[PDB]
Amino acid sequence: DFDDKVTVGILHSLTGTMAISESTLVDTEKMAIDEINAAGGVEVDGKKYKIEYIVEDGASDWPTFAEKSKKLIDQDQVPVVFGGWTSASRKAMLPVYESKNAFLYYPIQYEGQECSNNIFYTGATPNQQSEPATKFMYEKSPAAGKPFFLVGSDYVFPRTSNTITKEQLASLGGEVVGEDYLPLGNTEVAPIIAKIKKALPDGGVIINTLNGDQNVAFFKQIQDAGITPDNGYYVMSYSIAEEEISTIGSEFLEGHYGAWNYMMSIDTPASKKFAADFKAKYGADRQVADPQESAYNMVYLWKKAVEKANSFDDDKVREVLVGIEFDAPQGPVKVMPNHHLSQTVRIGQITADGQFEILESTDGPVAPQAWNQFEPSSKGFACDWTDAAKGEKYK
């Protein structure tokens, strides 16, 4: 059957405000592991290893993400941890993975402005998400030319994302008329609705960087207040997709937008097979979306790197993972010298049944910019972990 076992770590929020988003990632990672095990496992030095896993609950709590990371690295001695969602959770974890010279694989869309030697990324950087989204909302949406109002959670991802949006929209000649943050999990949206009505009396663009289940209150409250597509108000969201939409109800999201690398509505054999397999394993009701596709790819990229390294030692796997390619559900993906993923970019409008109608797509994959080329501190910097004269951040 198999010669031996390897145990990997899985670390995600199964409780608290982020469980709405992260719970389905554990199921997707498990599906990649079960597919790999059914195909014969991972081959190292002529021997077939079964992939086993340990799942730790990060509990929507950043200090918990750091403590569970110490446990998986030092107690369980896993060769990789698949995990994280919030940039807060990842920033709390980063010093653990760096100080122990370990390996986190992180799948979620984020702000960039980071290039850890101890982290690989499958989530969009801003040039693979928010930069094309900003341009599409300002030039092509029904609110083209109108001002932007920024709403997000009070932590590093939304604050950094919105800094980049402000520089970009300034360069396009657009205007920001509002920027408000809610504490993560906070459901009191009424004061921000009053600010939107005063700043955008004739409709416009709302950039949503809310993370986790406060999104439920946000979409329900804005609709009840008449901040709707029919009244000329369009939301572009970066941190929810088909799974969360299924929990909230598509009646609340129809006509709003998203920007992702994978969407369940991609009409390819690879996309249809991923969605069919997920539903066959976990139920007909179950969606797939970008966060899940990102998490799925992590497990297959890791497995391809191990087989090329002929080692589970993360020191060697991290070296060899740069340049690994995969025929993913979204299309072809490639791990770059900056530890991020070249990915295809899609703009979608949410339909009555909670799918994206794909309106804009790149002809092929876009190279990720870890260091943002709109933000003044990062302009002209890159990351390249393959060259000792380059590293984390060089001109």
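So that there is no doubt, residue numbering starts at 1 and follows the sequence shown.
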| query | finding |
| --- | --- |
| Comparing 103-111 with 199-207, the one whose average Cα B-factor in the PDB entry is higher | 199-207 |
| Of 341-349 and 40-48, the one with larger mean CA B-factor | 40-48 |
| Criterion, highest CA B-factor; candidates, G123, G174, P126, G258 | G174 |
| Largest Cα B-factor, entry values, listed residues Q168, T160, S153, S141 | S141 |
| Ranked C-alpha temperature factor of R318 among modelled chain residues, by third | middle |
| Assigned third (lowest, middle, highest) for the C-alpha B factor of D363 | highest |
| Chain third (lowest, middle, highest) by recorded CA B-factor, residue given as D74 | highest |
| Relative C-alpha B-factor of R286, binned into the chain's lowest, middle or highest third | middle |
| CA B-factor placement of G212, once the chain's modelled residues are sorted into thirds | lowest |
